[PDB]
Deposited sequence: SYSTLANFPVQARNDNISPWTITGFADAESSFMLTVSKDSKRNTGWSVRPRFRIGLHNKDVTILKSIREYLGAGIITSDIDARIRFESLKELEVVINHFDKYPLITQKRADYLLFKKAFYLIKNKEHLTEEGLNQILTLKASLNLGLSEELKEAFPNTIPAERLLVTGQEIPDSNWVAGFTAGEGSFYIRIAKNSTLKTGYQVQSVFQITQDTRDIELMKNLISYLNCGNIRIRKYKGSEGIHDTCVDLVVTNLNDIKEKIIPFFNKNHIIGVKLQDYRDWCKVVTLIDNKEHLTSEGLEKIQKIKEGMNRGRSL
């Protein structure tokens, strides 16, 4: 069963990397090797997420050693990647990374990089890309101005599957058991839904809430969590949403278990000892407690 282009970019907003590697190479005429890359790497457990992305695009090399990756490094394969994101844009601050990457891509594809002028222009871009220029690259190209980075603002969720894609990456479905004397069982049971993202996209988080019509912002010193704790919102909004917009990967099974636990809470089995014991068993085979 094929994936949706929107869950792809959603997941890519969450997990993907756009990269430029600039390495010394005296064999080249500038003395420097310049290449672009696009990659997603994750736990071996989710090889099959990459496989469904590879089936979709018909491009990309998949590896599996200590982790599992899908990479696009040739021009032929990057054309496919750029055809994708021009048609289905990113909406996090990764958009800015992408626009820099795309800039550098054209330079390279057009061979404009085999040139002092090009090489320099490509560094301005690298300087503003993800982690910027390293201490040694800063030395090799002294006082090179970082290219202007688009501050990505006022973004509207383009498709509901974008959310399913993004929460497949940054989302979490867990059950919170709290030691509390004032409950007959001695514990509080709660269903929590969560999305996490660096504070630079707090704007985006704030209207995911508007999009879903539920949840609270939580700033932890920074990061931002979108947290839904309200049981009714989980019952009427979150579950039916993800029932329509499918999570991909192993998280699907955590979602199912979680969803099963919501029913139990809904039927109030969490207020009886047998209920609590049952939930604890499901919960312990869930997220961090699942296996091979």
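Several segments of the deposited sequence have no coordinates for C-alpha: 1 to 14, 236 to 244, numbered from the first residue.
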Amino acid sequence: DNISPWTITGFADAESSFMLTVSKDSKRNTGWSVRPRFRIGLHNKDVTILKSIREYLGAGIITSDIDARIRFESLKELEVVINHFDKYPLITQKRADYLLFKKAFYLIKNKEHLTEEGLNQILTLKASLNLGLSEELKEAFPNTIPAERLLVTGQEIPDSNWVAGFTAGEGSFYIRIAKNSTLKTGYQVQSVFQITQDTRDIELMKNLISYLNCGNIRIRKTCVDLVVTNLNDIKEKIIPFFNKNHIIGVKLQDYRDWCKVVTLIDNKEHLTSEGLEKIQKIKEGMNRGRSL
From here on, numbers count along this sequence of modelled residues.
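A summary of the deposited B-factors shows that, of 53 to 61 and 259 to 267, the stretch with the larger mean C-alpha value is 259 to 267. The PDB entry reports B-factors from which the mean C-alpha value can be compared for 182 to 190 and 73 to 81; the larger average falls on 182 to 190. In the deposited coordinates, the residue among 171, 89, 165, 146 with the greatest CA B-factor is 146. Between the residues 125, 131, 140, 99, it is 140 that shows the highest Cα B-factor in the PDB record. Per the deposited record, the Cα B-factor of residue 153 falls in the highest third when ranked against the other modelled residues of its chain. Ranked against the other modelled residues of its chain, the C-alpha B-factor of residue 195 as given in the entry falls in the lowest third. For residue 222, the recorded CA B-factor ranks within the highest third of the chain. Only modelled residues enter the ranking. Looking at the C-alpha B-factors along this chain, the one for residue 23 belongs to the middle third. When the modelled residues of the chain are ordered by C-alpha B-factor, residue 46 sits in the lowest third.
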